[PDB]
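Accompanying notes for the structure given below.
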Amino acid sequence: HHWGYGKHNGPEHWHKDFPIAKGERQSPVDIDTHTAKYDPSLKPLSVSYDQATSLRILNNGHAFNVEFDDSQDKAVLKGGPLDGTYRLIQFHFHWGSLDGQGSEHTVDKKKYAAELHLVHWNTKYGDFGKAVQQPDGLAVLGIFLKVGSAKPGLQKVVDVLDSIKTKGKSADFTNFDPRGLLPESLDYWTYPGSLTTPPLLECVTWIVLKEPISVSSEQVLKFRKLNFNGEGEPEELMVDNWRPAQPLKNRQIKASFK
Ligand SMILES: NC(=O)[C@H](CO)NC(=O)CNOCc1ccc(S(N)(=O)=O)cc1
Ligand SMILES: Cc1ccc(S(N)(=O)=O)cc1
Ligand SMILES: [Zn+2]
């Protein structure tokens with residue numbers, strides 16, 4: 001894998017090694033709020049993170065992942081558009097070089113400063129690697145970030161980033177409560193899509209919350225001090241690690257709310 005977010009290896013190049021990049025259910029997409037249909041059959045989301053066990057934070061050269069113990073049903077997503085039980089494996093963000101870009105999904109073409117992805121896999125497939133081979137394998141909960149007031153529950157993440165500056169660095173990251181990253185409302189849009197990074201597998205039920213969270217300028221500035229490069233390599237700031245909106249094709253975006 002040599003894909004990334006540069007001019008020479010960014011999203012417009014990915015199709016050469018991952019031809020599904022041009023597929024029928026790629027993510028992210030623009031959410032056209034007036035075209036999304038309210039679906040009264042959609043259930044409230046059930047986010048059950050009370051027993052979540054965070055373990056570690058990793059700079060993987062594209063973003064940082066906060067990893068969870070997914071060896072039991074400890075932190076699960078169910079309800080909403082989903083059938084069955086999806087276990088939280090990791091969360092990460094996508095963000096920009098400036099506050100006017102960074103999100104992957106857009107809302108009426110609006111780009112947010114960043115987007116949080118809480119990644120869950122369907123327990124009926126047993127392991128994450130098996131789940132990504134299935135059309136209903138993953139559920140990703142997407143949350144927009146705007147710049148304003150600080151998000152108190154984000155600060156523990158911000159403060160460990162200095163210890164994982166470069167690709168391949170990890171740090172212990174226990175006892176982090178991801179409930180501190182949610183907005184007040186669980187109103188959402190949903191559609192069938194894909195992973196937004198290679199291998200771009202078409203295995204995701206996307207659940208994108210309408211209500212953004214607010215983070216401070218200082219918090220997002222610390223995201224932008226991370227590096228895509230490994231230790232001792234030429235410094236490349238980890239910024240603009242987002243894929244732009246892809247064609248909606250033969251898909252419907254449904255709203256949980258009127
Ligand atoms: N684990 C596995 O057996 C293989 C090989 O390592 N991995 C994958 O086939 C997919 N890995 O997918 C990560 C991933 C990528 C993108 C997202 S996003 N940005 O759509 O939430 C969320 C997870
Ligand atoms: C040099 C190079 C550029 C881009 C890729 S890709 N198709 O994985 O994005 C691989 C190698
Ligand atoms: Zn993501």
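Following the order of the structure tokens, first chain is A, next is B, and so on, with residues numbered from 1 inside each chain and ligands from 1 in the order they appear.
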Given a cut-off of 7 Å, what residues near ligand 2 show up using only C-alpha atoms and all ligand atoms, put as a ChimeraX atom specification? /A:1-4,8-11,13-18
Polymer residues at most 7 Å from stretch 124-141 of chain A, only C-alpha atoms, same-chain spacing of 6 or more positions, as a ChimeraX atom specification: /A:86,117-118,201-208
Residues within 9 Å of ligand 3 should be enumerated using only C-alpha atoms and all ligand atoms and returned as a PyMOL selection string. chain A and resi 63+91-94+104+115-119+140+142+195-197+242
Residue A:221 surroundings by only C-alpha atoms, 12 Å radius, close-in-sequence under 2 positions cut, as JSON, numbers by chain: {"A": [95, 96, 97, 98, 99, 113, 114, 147, 150, 158, 159, 161, 215, 216, 217, 218, 219, 223, 224, 225, 226, 237, 238, 239]}
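Take the candidates A:253, A:36, A:47, A:77 and check each one against residue A:192 using only C-alpha atoms; the shortest distance goes to A:253.
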Choose the residue, out of A:43, A:120, A:254, A:37, that has the smallest atom-to-atom separation from ligand 1; count only C-alpha atoms and all ligand atoms. A:120
Hey, which of A:211, A:83, A:236, A:24 ends up closest to residue A:188? Count only C-alpha atoms. A:211
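For residue A:58, the list of residues within 7 Å, based on only C-alpha atoms and with local chain neighbours fewer than 5 positions off taken out, reads residues 64, 65, 66, 164, 168, 169, 170 and 171 of chain A.
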Excluding residue A:31 and its own-chain neighbours fewer than 3 positions away, which residues fall within 12 Å of it when counting only C-alpha atoms? Please give them as an NGL selection string. :A and (27-28 or 34-37 or 104-111 or 188-191 or 206-210 or 245-248 or 251-255)
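Using only C-alpha atoms and all ligand atoms for every distance, the candidate list A:186, A:200, A:181, A:160 yields A:200 as the residue closest to ligand 1.
The nearest approach to residue A:176 among the residues A:193, A:84, A:153, A:23, with only C-alpha atoms taken into account, belongs to A:153.
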